[PDB]
Structures are given as structure tokens and as C-alpha cells.
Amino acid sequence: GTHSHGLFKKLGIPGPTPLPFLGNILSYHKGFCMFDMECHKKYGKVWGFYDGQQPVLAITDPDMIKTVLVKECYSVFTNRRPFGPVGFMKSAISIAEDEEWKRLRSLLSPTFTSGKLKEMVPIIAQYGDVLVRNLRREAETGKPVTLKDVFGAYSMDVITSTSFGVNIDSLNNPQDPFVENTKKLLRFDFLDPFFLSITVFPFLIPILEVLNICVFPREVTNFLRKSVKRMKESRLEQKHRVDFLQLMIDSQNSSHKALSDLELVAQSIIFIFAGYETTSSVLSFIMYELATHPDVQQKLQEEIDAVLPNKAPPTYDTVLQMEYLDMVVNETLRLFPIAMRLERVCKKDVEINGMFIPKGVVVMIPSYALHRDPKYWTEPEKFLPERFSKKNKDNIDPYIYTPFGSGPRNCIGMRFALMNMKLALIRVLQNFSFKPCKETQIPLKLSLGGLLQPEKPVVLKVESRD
């Protein structure tokens, strides 16, 4: 059971002492981040622990992080850690490995250029307006509002229209087929009973594969897989060139093997999976900060109105202008980096920056811990957007602050996500103010589980500026 539990004392690396079979996992009872902050305090700049028998080497030196994330990414640190029986989703770009990942990343990169994002702004923006109508009635009847649902509704609407050109009011059609299935594509909690069992019985993943058991619900994937083959074959026979689905079909008509029909479906799914709950999550987090910091919220309302007088519609170019807006988004992602950790598997035996790392270790960068480290962040607990002001932004290490990771395997959806969220916040603050309620959790607490989500759902009062 302790087959590899002696690796780190042989390399001279400090770490919590593992129990047989379980390794160190019992320390996840306070969750990944508190586990990581404490390891960082106690042991310093580098340390090791075991997810069961899997060695994991944490690193916090910005120079070493750059080597892993960008420098020898293609040679050594190309893939993330496996996490469960994925079925055909093995071909999704976030899951794919090595050379099929390089092929997939090269084939999907043009889809995320600012040119294609700029053509999608009018569609996203339309659901800014749907968000106001849905929120205008939730404020006109002064009931406290549950951000997650009003923002979930919004993220969903952006997802469906931006990926498949299906234009629905999900809040007012929670019965529609497309919103019924995507609502069940929730982020994975790697500390829940199932995924923890996997960590302690990783030898069970092939068994589950052979029974067609999949961490992606076997029925939503089927619905989308037929919906896509329905969309295509129909789409064939107009506007087009509007959504992701369309940009992907058109790349199947160009030195890399064009996406297969099934590779295509896999990417459509992973984009929905990445964007839906994450986007609503951060949007909830941003408003909680703006409600508990109404000076910040007001300074943002003023910047919105200066750029967009008369509740003028936001555009691509006006979004990129708004500097306080950018500052607020980044500072909310500092305190709540939805990822918590970045990881790569060490493909070979390598020495980086003076440290032998053996094959098969997963190297982990603990983003949440670095975003809250005193050694880089004055008053790290405080929501303080001025740290990203054009005056101070230059004294922040891009390898300490990595809300989207770094290097060739960074978030491919960063520009989109950033714009998507910004367009929401503008149209919302153009029409509304957000005040705390008796029911609001202040200060907010993070869950002890595996997702970076609030303990209790964020609820706030919302009054019409009108």
C-alpha cells in the first residue's frame, strides 16, 4: 500500500507523512486550499504529498512555474492528471493528451481569436437585455434575489446561442429540452464520495470504462451528440458563421487531420462544461464583492456611464476600454480562482531549476495559495481592486497570478469568458444597484468541498436605478 510512499524522503523533499493506502487525503477534510495554504506555511517553497499512491510535487517558485507551464510544456509537462472514466470525452481538448492535444489545440485555436470573439459580441449582448427583463421583475417585487440562478440563467442563454445558435429564455423556459440537459453539466467535485474513491482505487478506472460508466452523464452527452448531428445536416441549408458549432464545421473544410464528427461533438460539450457554471460562479462572486464594497460598485457605475452615457449599449471596443471594470474582474478572480490548482504530469525524468523530478509525479501549482500569500500580496484577504490599477499592475508576477493558467495549455476560453462576463456586468450595473440583505453571509465562507463555491448561496437586494 505504501509502495511509493517513500519517494519524497529519498529526494529530500519535506511533506506531511502519508498513511498507508490513503496517502494524505484525510487532510482534504478542510479542502484543497486550506490544505495548500498550510503546506505552504509549514514546508515553504516546495513540498510533496500523495493522493493515495500518486506522488504530487507542489511548487511555488515563479521561475520553476514558468519552466513547467511554458518552457518545457511540450517536452515534459504536456498533460493534466487523469481523473475518472471519460469514455469518448477522452477526445475533448482539456482531457486529450500529448500529440492529439497538440493537434486539437491547433485546430481549435482559430475559433478563439479576437476576430471571432468580436463577431459574437452582438449575440451575447442580446442576452444582456434578457438579463435585465428577468431581473427587472425580480427587483420590481422587492424579493431578495439568488444570484446563482439569475446568473445561471444568463450563462446558459449565452452558452446555447453562442455554441449552437439556439436562442431561448432559459429562466422562462426551464422546461425546454436544451436547458434541461445542460443544467445537469455541473463542475466536478473531486472531494465528493465518488471521485475520492477513485483517488484511492485508481485501479478501478479501467473497470468503470469497460462498463461504459462515465463522469459525463451518459444521457446528456447522447442528447447533445444527436442534437449536433441534427443541427448539422440541417444547418446544411444562410446566416451561419455565427456560433462555435459553425466555426468547427467550417474547419472540417480547410496539416492536421480535420476534426472528426465525434471529436467535434466532444469539443462542443467541453465548452458548455467549462463555461456554464464557472461563468455564473465568478459573476456571483463579483456582485458579492460589489455589494459589500458599495464605493467600488459606485465607482464602477460611474465609469460605465462615462463610457456609455444614456445606458448606451456596450460594444467590444467599449468593454476593452473600461479599466476599473477590468480591475474589479481581476481582483475577484484573485480571491476566487475557480481552478484552485494547476497541474501537469511529469512525462520523463527531468531536472528543472536545480531539482530532480522523477517520471510520473504530477507537478502542482497551488493558485489559491499563491493568490493569498502575504509574501506577494499586501492585505491579501481584502477585496482591493487598486492592485490592478495601471499604476501597480506592473508589480504582479504572472506566474503568481494565473486565474487562467499560463503557457500553451492555458485556458483557451479566456478572452471569451472575460468579455462574456464584462458584458453582463455593464448592462446589469447600468440598470441596477446591489445591496446586502439580512440573509447575506458576511463575511462569505468557502466550502470545504472540492469546488471553489460559497458555503451558502449568495443572496442580495437589488433596486432599480430607474
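In this text, rigid core is short for the largest set of C-alphas that superpose within 1.5 Å between two forms. Counting begins at 1, following the sequence as shown.
Colleague: Comparing C-alpha positions in 9 other deposited structures of this protein against this form, with the rigid core used for the fit, which stretch differs more, 215 to 223 or 195 to 203?
Modeller: Stretch with the larger root mean square C-alpha distance in 9 other deposited structures of this protein: 215 to 223.
Colleague: Quick one: core-superposed, which stretch strays further from the shown model in 9 other deposited structures of this protein, 78 to 86 or 105 to 113? Go by RMS C-alpha distance.
Modeller: This comes out as 78 to 86, the stretch further from the shown form in 9 other deposited structures of this protein.
Colleague: Checking the other PDB entries with both flanking residues built, is residue 188 absent in a third or more?
Modeller: Affirmative; at least a third of those entries omit residue 188.
Colleague: Do a third or more of the other compared PDB entries fail to give coordinates for residue 237?
Modeller: yes, residue 237 frequently unmodelled elsewhere, at least a third of entries.
Colleague: Would you class the number of unmodelled deposited residues between residue 99 and residue 100 as none, 1 to 3, 4 to 9, or 10 or more?
Modeller: Gap size class: none, per the record.
Colleague: Gap size between residue 254 and residue 255, counting deposited residues with no coordinates: none, 1 to 3, 4 to 9, or 10 or more?
Modeller: Count of unmodelled residues in between: 4 to 9.
Colleague: Can you let me know which of the two, 116 to 124 or 81 to 89, has the higher average C-alpha B-factor in the entry?
Modeller: Averaging CA B-factors over each stretch, the winner is 116 to 124.
Colleague: So 300 to 308 or 359 to 367, which one's hotter by mean CA B-factor in the entry?
Modeller: Looking at the record's C-alpha B-factors, the answer is 300 to 308.
Colleague: Return the residue from 163, 267, 141, 279 that has the highest Cα B-factor in the entry.
Modeller: Highest CA B-factor of the listed options: 141.
Colleague: Which one of 263, 349, 189, 343 shows the biggest C-alpha B-factor in the PDB entry?
Modeller: Comparing C-alpha B-factors across 263, 349, 189, 343, the maximum falls on 349.
Colleague: Select lowest, middle or highest to describe the third in which the CA B-factor of residue 284 falls within its chain in this entry.
Modeller: Lowest third of the chain for residue 284's C-alpha B-factor.
Colleague: Among the chain's modelled residues, which third holds the C-alpha B-factor of residue 409?
Modeller: Its C-alpha B-factor, which the entry lists for residue 409, ranks in the lowest third among residues of this chain.
Colleague: State the tercile, meaning the lowest, middle or highest third, of residue 446 with respect to the CA B-factors recorded for its chain.
Modeller: Middle third of the chain for residue 446's C-alpha B-factor.
Colleague: Using only modelled residues of the chain, where does the Cα B factor of residue 209 rank: lowest third, middle third or highest third?
Modeller: CA B-factor rank for residue 209: lowest third.
Colleague: Using the temperature factors of the C-alpha atoms in this entry, rank residue 433 within its chain: lowest, middle or highest third.
Modeller: For residue 433, the deposited C-alpha B-factor lands in the highest third.
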